[PDB]
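Every chain is numbered from 1, with letters handed out A, B, ... down the list of sequences. Any value given below was found using the heavy atoms of this structure, including those in side chains, with hydrogens, waters and symmetry copies removed.
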Amino acid sequence: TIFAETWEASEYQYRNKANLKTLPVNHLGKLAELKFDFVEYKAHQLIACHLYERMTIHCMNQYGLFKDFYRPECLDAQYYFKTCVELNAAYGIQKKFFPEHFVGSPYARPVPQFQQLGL
Amino acid sequence: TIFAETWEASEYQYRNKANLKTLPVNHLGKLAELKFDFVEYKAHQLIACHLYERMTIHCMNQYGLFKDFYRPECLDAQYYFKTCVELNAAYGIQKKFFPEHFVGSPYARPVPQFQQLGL
Amino acid sequence: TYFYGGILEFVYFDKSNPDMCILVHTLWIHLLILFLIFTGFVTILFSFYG
Amino acid sequence: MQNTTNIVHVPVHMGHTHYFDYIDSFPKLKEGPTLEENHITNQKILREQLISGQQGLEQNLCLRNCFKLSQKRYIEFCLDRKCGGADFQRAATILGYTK
Amino acid sequence: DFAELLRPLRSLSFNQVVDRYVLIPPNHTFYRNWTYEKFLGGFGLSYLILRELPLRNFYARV
Amino acid sequence: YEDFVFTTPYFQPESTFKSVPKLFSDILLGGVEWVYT
Amino acid sequence: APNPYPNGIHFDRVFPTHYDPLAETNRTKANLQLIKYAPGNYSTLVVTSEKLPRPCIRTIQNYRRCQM
Amino acid sequence: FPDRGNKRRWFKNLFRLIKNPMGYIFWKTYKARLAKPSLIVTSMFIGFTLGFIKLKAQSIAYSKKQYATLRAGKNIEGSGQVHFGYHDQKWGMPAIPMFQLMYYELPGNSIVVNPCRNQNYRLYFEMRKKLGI
Amino acid sequence: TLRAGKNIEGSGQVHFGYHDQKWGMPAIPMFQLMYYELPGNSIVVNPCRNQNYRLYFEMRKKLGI
Amino acid sequence: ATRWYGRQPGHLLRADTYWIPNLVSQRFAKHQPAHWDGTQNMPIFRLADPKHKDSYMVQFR
Ligand SMILES: CCCCCCCCCCCCCCCCCC(=O)OC[C@H](COP(=O)([O-])OCC(O)COP(=O)([O-])OC[C@@H](COC(=O)CCCCCCCCCCCCCCCCC)OC(=O)CCCCCCCCCCCCCCCCC)OC(=O)CCCCCCCCCCCCCCCCC
Ligand SMILES: CCCCCCCCCCCCCCCCCC(=O)OC[C@H](COP(=O)([O-])OCC(O)COP(=O)([O-])OC[C@@H](COC(=O)CCCCCCCCCCCCCCCCC)OC(=O)CCCCCCCCCCCCCCCCC)OC(=O)CCCCCCCCCCCCCCCCC
Ligand SMILES: CCCCCCCCCCCCCCCCCC(=O)OC[C@H](COP(=O)([O-])OCC(O)COP(=O)([O-])OC[C@@H](COC(=O)CCCCCCCCCCCCCCCCC)OC(=O)CCCCCCCCCCCCCCCCC)OC(=O)CCCCCCCCCCCCCCCCC
Ligand SMILES: CCCCCCCCCCCCCCCCCC(=O)OC[C@H](COP(=O)([O-])OCC(O)COP(=O)([O-])OC[C@@H](COC(=O)CCCCCCCCCCCCCCCCC)OC(=O)CCCCCCCCCCCCCCCCC)OC(=O)CCCCCCCCCCCCCCCCC
Ligand SMILES: CCCCCCCCCCCCCCCCCC(=O)OC[C@H](COP(=O)([O-])OCC(O)COP(=O)([O-])OC[C@@H](COC(=O)CCCCCCCCCCCCCCCCC)OC(=O)CCCCCCCCCCCCCCCCC)OC(=O)CCCCCCCCCCCCCCCCC
Ligand SMILES: CCCCCCCC/C=C/CCCCCCCC(=O)OC[C@H](COP(=O)(O)OCCN)OC(=O)CCCCCCC/C=C/CCCCCCCC
């Protein structure tokens, strides 16, 4: 689990595997696509996957779930939120049980002890 | 060291590296290119690198080392003999201290003990 | 997985499920295209009307 | 695995300029003294070393060359044969190899 | 609206839900892909009608 | 040894006479790939 | 130049040739559409070692020196 | 002034080619086709053209093989099957009768399900009799 | 690269897989003003090499030359 | 694991009119019943492998 608003982009990249995905920060530009009026505090936009969640609620309050919520600005927020929590759950588990897969871990490329050098 | 006349070619090919050279048997065809008469027993032609050695001797007896030994049939025998013992010396060392490099060795891809499978 | 499975490997799961549609009108168009090619072969090399 | 992949252990800052990719700066980079300042600073060291650091030098150089040998038994042989019967621990203290 | 998505379930029991929406009797005899054959096949049928436009100018039909 | 220490575990000389029957394994330079067209 | 020491390693282009280095006295030339021979027509097998970086060597010299 | 009569002439010929390509091609090539080459030349044209198209189709298929290999977990530097390094190459079948009699391309429609699959229908005949059908 | 120990499947630099390509300078003035090819004759030995000649001048004076 | 599963050869029909030797020889062949032995892998045809003795004329590319 991430206990902050920010995370080093390299700490979630693979060292011995091809990097085909990143774990980007929340896309704040999607918040300005909502045409209606809403109140959002800047203190909630950086934490992972939450901004997409609040946007989904705003869209489900202004519109409903039938024939009015089906507009591009609102469906992309629902998709980003559903996708952000799925990737973060997978990266979080991979961080818990496979920390040696990521850059920055000392077990990705273990440094030998001095007794292993024969000096 | 090889204690026989015949060796399995696969036993001298690498398992985890590209195979760019083989350890071929003696080229008996080069023995028919000597124009002069000579006596050779079939019991000495299979042992590694010895045929090229005897041929070099036959050519150094008929001819010498100056202006008459310098013909293609005699220089290729001397070059083959010198090259055969160098390659066989390296393969023999590699077989002694790096047996895991070759096909057929049980250490190239070790089979695990049943205690390591968790059953 | 422990008894009858392999190693747990991380892969990217494609949500897009492609599938080629087995249609009828597609082969009709295909024949029309070859019918033009064959007619041109006849029009150029087996036309004796002039 | 991407062929142009590199793992760097010091921070780098990449320029966000169109059509170009490069390292434009290093975080917390301190500009040291100029080449002329270091030149003047070194000449003061070489000048003193030329005037006051040349007596009794032949002995210290022999000790230094003896300690550049592979094995210890050869060093002791070099000291006793070339440096006039010197001691291993006593010569190592002169050269500054002792703690 | 979330409670409206579950309206057809509140009138049913769990056994009825399973037999209704989960355990649909297998029947693999339908031409399911007819939906696409009709849609995409319409471009050809529409072309047969559209190629007869009475527009006089050739470049207008272009 | 000669003013040098090489740390190694206790050597077992019994491993010298380890019965290792050779097994057949042939390498085929030129074989089959995963997919074909 | 002497005939290269027989080497059965080869690479086919159009069809499998089943090249046998012992079937001919002199090695036939390599045609582009027929075969490519192994590298090192005149080469031997040796063992080599990379030279560690100079600064890494100086740290090893200083450790042994401070050790003895 | 320019020659305003030639305006949009390229667009107009393009639409006529689309309307009736065989007629546009026929009449634009009539005076050239008056001099017809021999059967041999005409055959060489067709043979070399269709052979080039046949190899183009095989290269399209080899690209789908490289894409499947990429999806399977093998990254690919470069492209094609002209292996620069220590690998065997497989050039296209030479379009001459010698190789066309010895070789023939793999027909995928000949790779089948084993007919032993049909012996599972024996279960159906037995269950029907067990249930009294 | 082949001789250095890396076998090569295929050929060229048009990487089909997950790699960066570089197509070549478009032969138009826009890119010809921003980019220019690497001139190998500009890669040089460091002139600090010439400072080793100081050893020669000092030896010549020690030997009385 | 994927490479290993892929070498398990598939089934390729013996019927072949593209190779002229089979086009002639198969006109005289007698189709005999292949009695089921209880398996789903009976190689009653040839196998889709380049090294098979009845498929070496096929070009696997
Ligand atoms: C007695 C005299 C008559 C008096 C009555 C007068 C009143 C007449 C009208 C009422 C009766 C109509 C009968 C049919 C019932 C239709 C009811 C209806 O609601 O239809 C609306 C219908 C559907 O609306 P839609 O949802 O928007 O679907 C069209 C979308 O384009 C679709 O786009 P898409 O992407 O969503 O889908 C693609 C689509 C394919 O869509 C397309 O590709 C077409 C796109 C149009 C061309 C693209 C350019 C469009 C440019 C935009 C502007 C166009 C304006 C056109 C305005 C036309 C106004 C009518 O493919 C399909 O989805 C399925 C197609 C397969 C259907 C197969 C045909 C079944 C029809 C029945 C066949 C039997 C009828 C007789 C056969 C025809 C006569 C020989 O609208 C249209 O009809 C569109 C025009 C299509 C041309 C039809 C012309 C037929 C005229 C026949 C007249 C009667 C015969 C005359 C005989 C003369 C002697 C008497
Ligand atoms: C405040 C915000 C503002 C926002 C809006 C900003 C927009 C600014 C608007 C102001 C710009 C226009 C200024 C007025 C121009 C007045 C000049 C004039 O008097 O007419 C000259 C020009 C002269 O033509 P012409 O004398 O009748 O005969 C031409 C010759 O015969 C030659 O014909 P040809 O048969 O002999 O064949 C040669 C021909 C064709 O040769 C070709 O092969 C080129 C084919 C190009 C199209 C196809 C490309 C390939 C890809 C598609 C494949 C399609 C075919 C596939 C076939 C099926 C395949 C199975 O060569 C040409 O390219 C002809 C182009 C016309 C000459 C202009 C000089 C071009 C030189 C540069 C060439 C490269 C550019 C090509 C551009 C495309 C031109 C069509 O007539 C015009 O085209 C006037 C065009 C002005 C239309 C304005 C319409 C309203 C604009 C606003 C609407 C909203 C726009 C919103 C945009 C939003 C942002 C994106
Ligand atoms: C350069 C080297 C590389 C070349 C690469 C290959 C080039 C492309 C190859 C394409 C071949 C496809 C052939 C299709 C069937 C043609 C069969 C036929 O009998 O032809 C007559 C046939 C006309 O017969 P028709 O149906 O009775 O129409 C007459 C009506 O009076 C028409 O009434 P209208 O006069 O009032 O209409 C105005 C007229 C003139 O106006 C124009 O056409 C100009 C603007 C047209 C739009 C631009 C076309 C863009 C491409 C079309 C859309 C994508 C492909 C659609 C599928 C096409 C394939 C069927 O429109 C037409 O000409 C006919 C309509 C054109 C098609 C537009 C609708 C497209 C959608 C089709 C929907 C129905 C099919 C269902 C979907 C199928 C897909 C699953 O021609 C066509 O329909 C189109 C042929 C297009 C050929 C273009 C290139 C030909 C020359 C290639 C040369 C190759 C090099 C070797 C030469 C060696 C020489 C030494
Ligand atoms: C989108 C894809 C893009 C890529 C592909 C692009 C493909 C473009 C091709 C477009 C068409 C080419 C241009 C044709 C112009 C229109 C026809 C014409 O020429 O007017 C008639 C006129 C004379 O013919 P005629 O008036 O009917 O009189 C003949 C008598 O009636 C009766 O005959 P005769 O007794 O007076 O003499 C015997 C006979 C001699 O017999 C022959 O006709 C010789 C042809 C034998 C078959 C050759 C194989 C078929 C080639 C096509 C398949 C390509 C294979 C794959 C290529 C892989 C590598 C790319 O003479 C002829 O009948 C005509 C020969 C004149 C040469 C014909 C033009 C060159 C061959 C076609 C070029 C093919 C290029 C395809 C790929 C290009 C990629 C860049 O020809 C001329 O224009 C004279 C030009 C001078 C030609 C002699 C010197 C040429 C030296 C350059 C040779 C270039 C070879 C290229 C090899 C390609 C790679 C292997
Ligand atoms: C009772 C006595 C016998 C009576 C027999 C009855 C005869 C009836 C004649 C019926 C005529 C049919 C009319 C309709 C066809 C007309 C259309 C046509 O294409 O004619 C060519 C026609 C006329 O061309 P031309 O420039 O006036 O030259 C005319 C002659 O070629 C002359 O050219 P030349 O003056 O320069 O002479 C040089 C000659 C020089 O030739 C020689 O000096 C010696 C030839 C030795 C041949 C050695 C063969 C070795 C074979 C080795 C193969 C081993 C592999 C086997 C595999 C086994 C596997 C285990 O080389 C050639 O001409 C090559 C011509 C190719 C001939 C291929 C057939 C050869 C054998 C035919 C045997 C028929 C029985 C005759 C028995 C007579 C015995 C005395 O070409 C065209 O311009 C029309 C378009 C052609 C487009 C190309 C695609 C056409 C293919 C489809 C055609 C239609 C369907 C199939 C028809 C049959 C085609 C073979
Ligand atoms: C198109 C050929 C017509 C003439 C052919 C003559 C030769 C006849 C030989 C036929 C041999 C019989 C072989 C078996 C045929 C199988 C047909 C098939 O697979 O599709 C059947 C399937 C039945 O649907 P299911 O319920 O899903 O399947 C249940 C299965 N029991 O039929 C369909 O797909 C529906 C579409 C059938 C074709 C529709 C014709 C399209 C033409 C449209 C224009 C007609 C006018 C429309 C006016 C609209 C007015 C509102």
Side-chain angles (χ1 to χ4, degrees), chain H residues 2 7-11 14 47-96 98-100 102-111, chain I:
Chain H
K7 278 186 182 292
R8 293 176 289 275
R9 189 174 181 180
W10 183 85
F11 284 110
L14 169 61
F48 278 105
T49 301
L50 297 183
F52 184 86
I53 298 171
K54 188 184 291 293
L55 298 177
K56 173 62 178 173
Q58 295 174 7
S59 182
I60 294 168
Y62 186 86
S63 70
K64 299 178 180 298
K65 160 177 180 176
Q66 283 196 135
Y67 179 76
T69 293
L70 186 65
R71 297 265 295 198
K74 190 191 182 308
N75 200 347
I76 296 170
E77 287 177 13
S79 56
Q81 41 181 320
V82 183
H83 306 296
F84 182 91
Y86 309 133
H87 298 281
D88 293 318
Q89 295 182 13
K90 193 183 186 62
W91 290 17
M93 185 196 299
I96 71 180
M98 176 178 171
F99 290 85
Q100 294 163 346
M102 298 191 300
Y103 303 157
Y104 66 93
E105 304 297 344
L106 175 62
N109 194 66
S110 296
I111 300 169
Chain I
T1 293
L2 187 66
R3 302 253 304 195
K6 190 187 187 303
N7 199 345
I8 292 165
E9 285 174 339
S11 53
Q13 53 188 312
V14 187
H15 307 300
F16 183 92
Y18 308 133
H19 298 280
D20 287 314
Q21 299 183 11
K22 215 175 67 167
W23 277 19
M25 190 193 301
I28 64 178
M30 186 184 174
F31 293 84
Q32 296 167 346
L33 292 171
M34 290 186 295
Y35 304 151
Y36 70 86
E37 299 291 333
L38 171 56
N41 191 70
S42 297
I43 298 166
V44 305
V45 173
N46 190 284
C48 286
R49 177 277 318 281
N50 294 335
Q51 307 306 325
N52 300 333
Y53 284 81
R54 305 179 179 198
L55 298 163
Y56 308 158
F57 305 141
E58 298 170 8
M59 180 72 78
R60 291 165 60 85
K61 294 195 170 186
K62 185 176 72 178
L63 306 182
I65 299 172

### Task
For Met25(I) and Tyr36(I), work out which heavy atoms get closest and say how close.
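So the minimum-distance heavy-atom pair works out to CE-CA, 3.9 Å.
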### Query
What is the minimum heavy-atom distance between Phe84(H) and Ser11(I), and which atoms define it?
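It is CB-CB, 4.1 Å.
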#### Entry: Side-chain donor or acceptor of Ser63(H) paired with backbone N/O of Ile60(H) under 3.5 Å
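Yes; at least one donor-acceptor contact below 3.5 Å.
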### Task
Could you pull out all residues at least two apart from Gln81(H) that satisfy side-chain hydrogen bond (donor to acceptor under 3.5 Å, both in side chains)?
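Testing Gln81(H) for side-chain hydrogen bond (donor to acceptor under 3.5 Å, both in side chains), a comparison that skips the adjacent residues, returns none.
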### Task
Name all residues meeting the side-chain hydrogen bond (donor to acceptor under 3.5 Å, both in side chains) criterion together with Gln51(I); count only those two or more places apart in sequence or in a different chain, and write none if there are none.
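Only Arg54(I) meet the side-chain hydrogen bond (donor to acceptor under 3.5 Å, both in side chains) criterion with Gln51(I).
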### Message
Going by ring-ring contact (aromatic ring centres under 6.0 Å, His included), name the pairs with one or both residues in residues 45-65 of chain I, residues two or more places apart or in two chains.
### Response
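Matches after skipping sequence neighbours: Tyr53(I)-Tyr56(I).
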### Message
Are there residues of residues 64-78 of chain H whose heavy atoms fall under 4.5 Å of chain I's heavy atoms? If so, which?
### Response
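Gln66(H), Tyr67(H), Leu70(H), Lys74(H), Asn75(H), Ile76(H), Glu77(H), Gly78(H), listed by number.
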